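Comments concern the structure below.
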């Protein structure tokens, strides 16, 4: 009948996993006890986005809005424009499309409009330099997120264009049982509608923490001014630690609020980046959900990914349990033979998923 | 009626480039930071200057021919980048040049060796300079 | 307490799982400690210094890749328990079921 | 009204087809974010 | 056509001329050239 | 109303228009009443700080070595206990009022000469104008650098901060008034207000409307929300050097190069 | 006729003449440039009804399996 | 169905705006294609 879920937890993942698996799902008891029960505006907008890129899907929203029945169709893609409500930035909507774009009948060319940054959702640079590189490791050769206009909160006004030219049968099998060596640190510090000095000052704060390291540190100054700088002033910084040997990356990001010192923010992201590296084995915690899902939908082969003991947190477990409900696939974890660390190897067998929407 | 002074300095008596690829390359390899004031030797008509003017805080174009100086002026008048160009006219070996971070030059080959050492001895000299010399020199 | 078993026991909650062996994906940014604690902890870059720095035919090359993958699958399954093996790959061909 | 709309549609597809055909004949016989640098100035 | 060139140079303001001595003078022929006290008082 | 001039400090009754007291001082540049209305403090061009008492009708204390150069600016916190003085020696010095004498507390050394120093009404921000055409905002509590304002072709001559500490106005010798937001330092609007250098800009209390005076002898009334000039006031014959706004906002007092003190009252 | 009215209207708003005259904020002037433009094009003095056909065309200009069936109240 | 001939253009407000912009640009540059005495 229907695979039933509870609450608003992992709303995007459960819908995305249903779309890839093709199995209808039911999400019930969405904020039942809250004063404003049911789906939020941005959740309803996300469902509309799912339909613009699929065909033949049926989405029922209950009279109270507290229950959703989703019967997925085929992923078709194509060119479209999506208006993101101000409750969430564009990255809230761009991120799930990364899971569906390579397995589509037609190339995804989606134009997203709205706020381009927030404190809780993926930024433009997190996607461009933090997630999309993981996709290329899985065989998505051509993927691009062009930023046409930057829009900072609360008024937004930004525009990003997601273009995924690569249509593939399925992700390649992953074999990463080592700890990548970080070759250099790169990042982007950006600002809109304000003086360049803020961008320079953040770079000084970040470089202060990272100068002790033995690798090169080169942070870009992304100063936006004029018509494309959006409607509200804002600034932020994103740092990426790169491993050129196998094209791996770890990143942290944050944006500045009113009354915040640019130098302090640069130190926060630099400190968080070192926290992320210490907690990571082969991918960061913010990249781990994407890597696991792609390995689940690979060929029917045992792919291996090294994970740190710290990465096995509350979020990791719920992701695995949700995958088992949809795909029935169990992740097997084995200790590494080394004694320097307590890492583990997460071995997942692919379900033999294939891109059947693409005409041959 | 400025002929009195300009004729006392100049008499109002060259091989022009015809390949856009090299001109774009010279600017590209310069890697002009947005906060860099650039000194441009041999601006010519202004093909290279206009590209530099787009990316630079300010551009000081040093020229020796009064006729070509007007050509540069007419190409930049009434434009957003007019306020960021300072055209200088006359022999520039003798004078004390301003401070510049990058030097892009289609130098006259006659003044190649004086120019190479002027930049070297300039107080607080530029960090990078893209100069066009002959193959032997 | 093997965490692998604790993950797939739906009766236990994820919070109850972590502590014995030792919130939501809509928030993309992961949890971090406070800046003052983090700033003190990364006063020195120690504890992360380790992290920082022929086949004759094209046909045979592809066949080698397939065989190497098939060898990897066999090695992992052998390490796994026979009950663990059945739960991951399922019932392999040749099984009388 | 529909007459004008049809001409624009048929004009669009023909241009795309010739663009697609030209690419194919070309094939038989670097930076993806460079443009972002220009939009920054405005 | 030289007179047309001369008028164009004089028309523009961002032009300076070098005499044989190396001095910096404007087109008209005069030597081209804030203090806290002056601006406040 | 206390009017500081070169060589004398005179004090007037706004009602009778008759000078009540006169004090001999140096080349006074900035004067401000202390809370209670019973004391006055001057910043002379010689770097001296002079404090006067109205009831005693005499000078209480003089600090000869307050600054090495002209004390161009001087401001008081809302509590009235702390004094901030800017000088051409490129330093800001904080002073305390202890029972009355002035004690030096701290020195903030900046890169260029200082023309104006203003303290926010909530005592959270400190805006400082520099001779390098920039205005630096600090956190008064911690003295941590917060923002730098760029956009003036010529040095900023006056600064004022809105009553709710959201907007900050800057007037410069380039004849432009720029209204900035303290949240991020973005320039809301630049107004070509006057035909000459603008000497003083003040917010009307409890409102975002502000006044401006310039060397062209004009005092203009502006709307801080619509960015429009409400009223042009042509009364002075020469430069208007100083301007002051009543705490109530009922009237505005302007003094000019023509030795005339004119009171503008709201009708 | 119309030229006299156009010249008079521009002058009243300060859109014509010398600016350095010895012995209106720019934004308000741009508003005048707008209002002057629609007023002095009678075809879009006022034209007779029916000379233009804008209203019809814009109406025509305004004028996939499955979908979201939102039953929320 | 197909139509044999080009449809008669409709002069909407945008088409007017583009036309007057070209006219104003031509006047501003004083670029007139007009006959002159020889």
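What is reported rests on the model, the rules as stated and the sources as named; these are not laboratory values. Here Cβ is always computed from backbone atoms with ideal geometry, including for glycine, and neighbour counts include all displayed protein chains.
Of the listed requirements (1) surrounded by 17 or more Cβ atoms within 10 Å (Cβ to Cβ); (2) in contact with a strand residue (DSSP E or B) (Cβ under 8 Å, 6 or more places away or on another chain), residue E:5 misses just one: (2). Of F:204, F:243, F:157, F:233, all but one fail to be touching a helix residue (DSSP H, G or I) at 6+ places or on another chain (Cβ under 7 Å) and either under 24 Å from residue F:78 (Cβ atoms) or surrounded by fewer than 18 Cβ atoms within 10 Å (Cβ to Cβ) (or both); the exception is F:157.
If you go through region A:145-191 and keep only what is in a strand (DSSP E or B) and out of contact with any helix residue (DSSP H, G or I) (no Cβ under 8 Å at 6 or more places or on another chain), you end up with A:158, A:159, A:161, A:163, A:176, A:184. Considered as a group, the residues in region A:162-188 that are more than 30 Å from residue A:344 (Cβ to Cβ) and within 11 Å of another protein chain (Cβ to nearest Cβ) include one that is surrounded by the most Cβ atoms within 10 Å (Cβ to Cβ), and that residue is A:188.
When residue A:287 is tested against the conditions (1) buried (at least 20 other Cβ atoms within 10 Å of the Cβ); (2) more than 14 Å from chain F (Cβ to nearest Cβ); (3) over 23 Å from the mean Cα position of the chain (by Cα), the lone failure is (3).
Taking region A:18-112 as the region of interest, the strands (runs of 3 or more DSSP E) fully inside it that hold 2 or more residues being within 14 Å of chain G (Cβ to nearest Cβ) and crowded, with 20+ Cβ neighbours inside 10 Å are A:58-61, A:68-71. Taking the condition more than 30 Å from residue C:71 (Cα to Cα) and more than 18 Å from the chain's Cα centre (by Cα), does residue A:155 pass? In short, yes.
Within region C:52-82, the residues that satisfy the criterion of being away from every other protein chain (no Cβ under 12 Å), exposed (fewer than 10 other Cβ atoms within 10 Å of the Cβ) and in a helix (DSSP H, G or I) are C:58, C:59, C:82. The condition (being over 30 Å from residue A:50 (Cα atoms) and within 14 Å of chain D (Cβ to nearest Cβ)) is satisfied by just one residue among G:2, G:59, G:18: G:59. Annotation: residue A:1 fulfils all but one of (1) over 20 Å from residue C:24 (Cα atoms); (2) touching a helix residue (DSSP H, G or I) at 6+ places or on another chain (Cβ under 7 Å); the unmet one is (2).
The rows are residues; the columns are (1) outside any loop (DSSP other than H, G, I, E, B); (2) touching a strand residue (DSSP E or B) at 6+ places or on another chain (Cβ under 8 Å).
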{"residue": "F:189", "(1), (2)": "yes, yes"}
{"residue": "F:196", "(1), (2)": "no, yes"}
{"residue": "F:199", "(1), (2)": "yes, yes"}
{"residue": "F:216", "(1), (2)": "no, no"}
{"residue": "F:225", "(1), (2)": "no, no"}
{"residue": "F:231", "(1), (2)": "yes, yes"}
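Scan region A:241-255 for residues that are in contact with a helix residue (DSSP H, G or I) (Cβ under 9 Å, 6 or more places away or on another chain), surrounded by fewer than 23 Cβ atoms within 10 Å (Cβ to Cβ) and either within 11 Å of another protein chain (Cβ to nearest Cβ) or in a strand (DSSP E or B) (or both) and the total you get is 4.
Looking only at region G:31-73, count every residue that is surrounded by 11 or more Cβ atoms within 10 Å (Cβ to Cβ) and within 30 Å of residue F:195 (Cα to Cα) and tell me the total. Residues in region G:31-73 being surrounded by 11 or more Cβ atoms within 10 Å (Cβ to Cβ) and within 30 Å of residue F:195 (Cα to Cα): 5 in total.
The strands (runs of 3 or more DSSP E) found wholly in region B:1-114 and carrying at least 1 residues that are under 16 Å from residue E:8 (Cα atoms) and within 14 Å of chain E (Cβ to nearest Cβ) occupy B:58-63, B:85-89.
Filter region A:298-346 for residues that are in a strand (DSSP E or B) and within 8 Å of chain C (Cβ to nearest Cβ); which is farthest from residue A:171 (Cα to Cα)? In this case the residue turns out to be A:334. Is region A:269-280 home to any residue that is within 30 Å of residue D:38 (Cβ to Cβ) and within 14 Å of chain D (Cβ to nearest Cβ)? No - not one qualifying residue is present in region A:269-280. Test of understanding: among E:24, E:40, E:1, which residue is within 8 Å of another protein chain (Cβ to nearest Cβ) and over 26 Å from residue B:95 (Cα atoms)? Just one listed residue meets the conditions, E:40. Residue A:235 satisfies every condition listed in (1) closer than 20 Å to residue F:180 by Cβ; (2) more than 10 Å from every other protein chain (Cβ to nearest Cβ) except (2). Of the residues making up region F:144-183, just one is over 20 Å from the mean Cα position of the chain (by Cα) and over 21 Å from residue F:132 (Cα atoms), namely F:183.
Within region A:135-149, none of the residues are within 14 Å of chain C (Cβ to nearest Cβ) and buried (at least 23 other Cβ atoms within 10 Å of the Cβ).
Scanning region F:133-153 for residues that are at positive phi and within 14 Å of chain E (Cβ to nearest Cβ) returns a single hit, F:133. Listed here are the helices (runs of 4 or more DSSP H) enclosed by region C:3-49 that have at least 1 residues being more than 30 Å from residue A:123 (Cβ to Cβ), under 22 Å from the mean Cα position of the chain (by Cα) and facing chain A (nearest Cβ under 9 Å): C:3-7, C:14-21. Within the span defined as region A:6-14, one or more residues are in contact with a strand residue (DSSP E or B) (Cβ under 6 Å, 6 or more places away or on another chain) and either buried (at least 20 other Cβ atoms within 10 Å of the Cβ) or not assigned by CATH to the domain that holds residue A:255 (or both). Residues in region G:1-25 that are surrounded by fewer than 11 Cβ atoms within 10 Å (Cβ to Cβ) and within 18 Å of the chain's Cα centre (by Cα): G:2 only.
Looking across region A:195-217 at every residue that is more than 13 Å from chain D (Cβ to nearest Cβ) and closer than 22 Å to residue D:41 by Cβ, the one that is surrounded by the fewest Cβ atoms within 10 Å (Cβ to Cβ) is identified as A:200.
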